[PDB]
Amino acid sequence: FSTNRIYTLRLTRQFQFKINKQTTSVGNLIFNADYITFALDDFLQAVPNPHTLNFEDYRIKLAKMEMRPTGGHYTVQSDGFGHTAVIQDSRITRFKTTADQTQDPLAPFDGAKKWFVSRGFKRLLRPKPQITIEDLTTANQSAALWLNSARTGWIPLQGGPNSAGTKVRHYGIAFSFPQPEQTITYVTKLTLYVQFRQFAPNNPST
Amino acid sequence: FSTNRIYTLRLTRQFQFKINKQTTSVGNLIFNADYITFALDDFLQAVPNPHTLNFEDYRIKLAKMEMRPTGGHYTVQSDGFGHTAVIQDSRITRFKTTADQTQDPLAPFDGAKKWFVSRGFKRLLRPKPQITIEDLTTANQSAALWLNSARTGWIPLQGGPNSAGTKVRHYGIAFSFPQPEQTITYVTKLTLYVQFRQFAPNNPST
Amino acid sequence: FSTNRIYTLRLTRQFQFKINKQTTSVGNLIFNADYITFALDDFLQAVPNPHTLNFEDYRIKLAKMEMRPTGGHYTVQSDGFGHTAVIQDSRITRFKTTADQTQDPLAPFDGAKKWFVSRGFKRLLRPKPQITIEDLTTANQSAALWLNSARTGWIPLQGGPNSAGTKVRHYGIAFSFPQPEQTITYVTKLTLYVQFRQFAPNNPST
Amino acid sequence: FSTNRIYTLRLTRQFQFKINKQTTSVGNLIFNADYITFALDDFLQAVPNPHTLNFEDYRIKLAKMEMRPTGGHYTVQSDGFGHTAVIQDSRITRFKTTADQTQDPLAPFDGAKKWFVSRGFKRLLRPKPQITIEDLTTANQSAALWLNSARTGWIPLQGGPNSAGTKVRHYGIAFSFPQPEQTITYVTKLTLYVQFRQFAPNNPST
Amino acid sequence: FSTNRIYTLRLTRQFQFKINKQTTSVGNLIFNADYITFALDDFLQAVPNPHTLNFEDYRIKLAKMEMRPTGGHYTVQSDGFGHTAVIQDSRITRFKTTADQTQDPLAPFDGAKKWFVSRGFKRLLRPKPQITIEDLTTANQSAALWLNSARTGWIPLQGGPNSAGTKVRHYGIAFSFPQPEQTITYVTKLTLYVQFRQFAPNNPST
């Protein structure tokens with residue numbers, strides 16, 4: 001039971017997602033996209049999970065997204081195919097489309113994988129936290145950097161000036177779809193595979 | 001034909017299960033759950049099974065639950081996915097939910113396994129009987145303990161002050177589900193793989 | 001991440017203990033004794049520890065008691081020697097002496113180990129939970145039984161009719177001492193080495 | 001004599017520490033704690049050390065804390081035992097207790113190590129600098145990350161907009177103690193084992 | 001980084017395709033067909049792709065066509081089978097039928113592979129650019145030749161009197177279908193696997 005003792009937990013949460021009936025540019029093929037990011041706090045605040053953990057540091061080795069249709073949608077009712085893409089930086093926010101796309105906005109990505117709208121998808125990835133760089137050629141601007149291996153660093157749960165280590169946003173997976181003729185509802189399940197370092201007491205009483 | 005002669009039987013029973021049309025929080029994703037426990041008497045009292053066995057002891061090596069839809073439900077009509085979980089103590093009783101859950105109540109369990117509402121599931125487990133402990137730090141309260149291996153102990157069919165050995169409750173499997181848009185009926189089949197020890201006569205005449 | 005996934009934690013708590021100045025049978029050698037038992041709940045209720053754990057079962061592999069003098073007592077100030085003894089059943093309650101003993105009440109025990117009053121002691125043991133036996137030759141009486149190996153069974157945290165699995169009392173260590181000429185205060189630290197089985201969600205919302 | 005030429009130095013500083021006579025809840029066992037962090041500037045500003053170094057980068061491979069009693073305190077006068085803990089993030093600041101603790105606030109830590117109040121302690125550690133993350137799920141908040149190996153990065157002594165590279169705070173070691181019956185004064189010695197990269201000139205004249 | 005440095009990219013674009021409800025020769029089996037050709041410019045003009053590439057030469061090593069039904073068409077709804085055929089010259093233009101065929105117009109082709117109307121198809125091919133021959137036995141007529149291996153030649157992006165290297169038409173894939181009883185809409189995804197030679201600057205400023 002040393003300072004560097006490691007523990008590994010699996011955490012999950014679920015939510016609903018809707019792809020709306022096509023009501024624009026009717027009769028034509030259009031695409032839209034959304035995305036998901038991963039933060040430990042998102043999973044600890046879920047009702048059935050432990051809301052605090054007695055560990056000093058953590059690191060997300062792996063994340064999983066699984067979206068499957070519900071609401072009585074027929075799997076054999078073909079509604080075309082879109083793509084998933086692993087986007088491991090904050091650029092992913094641009095891929096929640098605010099306007100109809102005339103092409104699949106994620107298909108050109110290296111690593112883009114096809115998925116059929118009526119079946120959903122399942123994909124694993126290594127989501128990345130974003131380290132800060134403030135020394136840019138333009139003043140008063142910052143950029144990001146992320147590490148190739150999760151074993152390189154640790155995120156303290158209560159480190160930093162906000163004690164908000166569990167809220168670090170790890171990027172990230174996006175998914176696109178051709179707009180269907182009828183609304184489709186999905187059940188989404190996210191999973192985190194997290195390593196924790198150093199069992200720790202509660203903060204001292206004040 | 002010694003005192004420790006062993007016999008093995010397979011026992012089964014069936015019953016109907018209903019997942020009700022969602023009539024609460026319509027438009028939201030909600031989850032509920034139920035559970036099953038195993039007792040030898042539950043199977044011997046089934047109509048087509050032998051209602052009494054001429055053995056002195058028994059032990060349940062393995063149990064099995066299969067739930068498949070009926071009532072004309074389409075397997076290709078997707079209604080999301082829930083989870084099954086092996087819960088081998090009386091805590092399982094809390095997982096027959098009495099209120100709608102905003103998250104899958106069983107997914108966080110180690111060993112939780114996904115299953116699709118429209119296809120049902122099949123799972124095998126080693127259900128455990130609960131040994132009594134009455135020496136707790138709070139007076140007049142009791143707790144439970146179960147044994148890691150079924151080969152460790154035997155249960156007399158007629159042992160104890162009530163001769164109710166066959167009614168020992170073995171835990172246990174729970175299953176959760178997102179509430180669907182229509183009612184779904186299932187056929188559930190349970191199977192016990194039971195070892196019996198010592199062929200025995202009837203009780204003496206009185 | 002299976003049903004049988006195991007985790008191991010170290011838990012500790014501390015408290016003060018006093019051996020009072022001898023005020024009886026003055027000038028003569030007398031002995032007294034006290035004892036300690038181990039319950040998981042005792043450690044989870046300690047301020048700096050997690051007060052609930054999200055595991056389904058547990059088992060105490062090892063327990064440790066360490067009592068050391070404080071309050072400015074000189075280690076080189078000899079006050080004789082007493083004994084520690086591992087007593088793994090409820091008989092230990094008789095060894096909190098209510099009357100002065102003319103002999104060391106724990107020395108005859110097999111496994112009794114000497115300890116010097118002015119230095120304290122440190123001892124590891126395997127504490128035992130007490131399984132119930134109610135079939136005795138005398139009516140309306142029960143007795144106990146404990147298992148040789150901790151790997152034999154599991155205690156569900158919320159199992160039993162009281163959901164008080166963490167309050168099972170594990171026996172046990174006692175310690176005796178010759179009554180000193182002046183009061184001595186000690187700091188006692190207990191440690192549990194506990195294996196937990198099956199990461200589990202919170203109980204469903206009601 | 002290349003750009004990546006490395007030099008290693010040992011640096012030290014000392015200071016006094018006091019554990020105060022217990023004047024609150026007299027008669028009860030209470031605990032308090034304090035902590036130490038490491039910054040190169042803390043050592044260079046010490047009177048007998050070089051106040052500026054002609055190197056471009058540095059990295060702290062190892063740090064060391066030794067606290068031994070003084071003021072005439074007897075080592076054979078027992079005052080119980082507390083614990084030391086390696087806490088490598090800014091959470092350590094909470095472990096300078098501002099209120100009396102009823103339990104040892106550091107004992108539950110993985111890696112916690114006992115130490116006797118009357119003898120002091122000595123412990124080595126790998127203290128960590130905190131890298132900034134500004135992309136959290138809560139807007140305008142930040143968190144930290146540190147690297148598992150000191151060989152992964154270098155800290156420029158004069159890098160950044162403030163040329164304050166030597167002031168990076170490396171975490172960290174905390175120590176707890178039961179409050180004694182009399183005041184105890186200590187001499188604390190800290191030691192840094194620091195690698196430096198690239199012998200460098202003074203800044204150009206202006 | 002030599003003149004012959006090669007880069008390889010994957011490029012994709014999508015569009016809609018309709019097979020119209022049969023309104024001619026009703027009650028009888030009829031067939032129609034269409035075709036696709038490949039030009040780098042077709043993919044660079046697509047909205048999400050880079051519209052200019054800074055390379056000197058290119059060559060298409062592989063092309064892919066995937067057409068899948070959408071619009072709510074049931075995959076389990078049989079509508080017969082047609083064929084795909086790789087036609088690597090401009091004769092393919094004749095196989096966009098302008099009159100109903102009483103036989104499958106592509107089935108006789110060597111390499112013809114059947115596909116079911118209700119599931120779509122996926123086929124890979126090596127599309128061919130057409131080299132000009134003007135020396136024919138008939139005056140003022142020209143013919144075509146293509147090379148067996150893609151490694152034999154390179155197409156400069158801006159070569160020729162029109163700088164229209166990216167507009168070379170590569171042949172080619174055709175697909176036939178028996179006319180269904182109801183209209184069927186498809187999503188079509190084309191993919192190019194293109195090797196580029198010699199990273200190049202922009203054209204000089206004028």
# chains A, B, ... in the order shown; residues from 1 in each chain; ligands from 1
call {"tool": "closest_atom_pairs", "arguments": {"of": "chain E", "to": "chain A", "cutoff": "6 Å", "atoms": "only C-alpha atoms", "output": "JSON lines"}}
result
{"residue": "E:69", "atom": "CA", "partner": "A:80", "partner_atom": "CA", "distance": 5.8}
{"residue": "E:70", "atom": "CA", "partner": "A:79", "partner_atom": "CA", "distance": 3.9}
{"residue": "E:71", "atom": "CA", "partner": "A:79", "partner_atom": "CA", "distance": 5.5}
{"residue": "E:72", "atom": "CA", "partner": "A:77", "partner_atom": "CA", "distance": 5.1}
{"residue": "E:73", "atom": "CA", "partner": "A:78", "partner_atom": "CA", "distance": 5.5}
{"residue": "E:74", "atom": "CA", "partner": "A:77", "partner_atom": "CA", "distance": 4.5}
{"residue": "E:75", "atom": "CA", "partner": "A:76", "partner_atom": "CA", "distance": 5.3}
{"residue": "E:187", "atom": "CA", "partner": "A:80", "partner_atom": "CA", "distance": 5.8}
call {"tool": "select_by_dssp", "arguments": {"residues": "chain E", "states": "alpha helix (DSSP H)", "output": "number ranges by chain"}}
result
E: 40-44
call {"tool": "residues_around", "arguments": {"residues": "stretch 46-57 of chain A", "least_positions_apart": "4", "cutoff": "9 Å", "atoms": "only C-alpha atoms", "output": "VMD selection string"}}
result
(chain A and resid 7 11 to 14 41 to 42 154 to 159 165 195 to 202) or (chain B and resid 101 to 108) or (chain C and resid 49 to 50 53 to 54 200 to 205) or (chain D and resid 87 to 89 91 109)
call {"tool": "closest_residue", "arguments": {"among": "D:22, D:135, D:194, D:44", "to": "residue D:151", "atoms": "only C-alpha atoms"}}
result
D:194
call {"tool": "residues_around", "arguments": {"residues": "residue C:149", "least_positions_apart": "4", "cutoff": "12 Å", "atoms": "only C-alpha atoms", "output": "PyMOL selection string"}}
result
(chain B and resi 147-148) or (chain C and resi 59-62+126-129+153-154)
call {"tool": "atom_distance", "arguments": {"atom1": "atom CA of residue C:23", "atom2": "atom CA of residue C:65"}}
result
28.0 Å
call {"tool": "residues_around", "arguments": {"residues": "residue C:161", "least_positions_apart": "3", "cutoff": "10 Å", "atoms": "only C-alpha atoms", "output": "list in words"}}
result
residues 90, 91, 132, 141, 142, 143 and 144 of chain B; 158, 164 and 165 of chain C
call {"tool": "closest_residue", "arguments": {"among": "C:58, C:95, C:115, C:175", "to": "residue C:150", "atoms": "only C-alpha atoms"}}
result
C:58
call {"tool": "residues_around", "arguments": {"residues": "residue E:112", "least_positions_apart": "6", "cutoff": "7 Å", "atoms": "only C-alpha atoms", "output": "compact mmCIF listing (two decimals) with C-alpha atoms, in the first residue's frame"}}
result
# COMPACT_ATOMS: atom_id res chain seq x y z
CA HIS E 83 -25.61 -6.56 -61.11
CA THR E 84 -22.53 -4.38 -60.88
CA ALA E 85 -19.86 -4.37 -63.57
CA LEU E 106 -24.85 -5.92 -67.16
call {"tool": "select_by_dssp", "arguments": {"residues": "stretch 14-183 of chain D", "states": "strand (DSSP E or B)", "output": "ChimeraX atom specification"}}
result
/D:14-19,31-38,55-70,77-78,81-86,101,113-116,120-125,128-129,131-133,136,143-147,155-156,170-178
call {"tool": "atom_distance", "arguments": {"atom1": "atom CA of residue A:98", "atom2": "atom CA of residue A:133"}}
result
29.1 Å
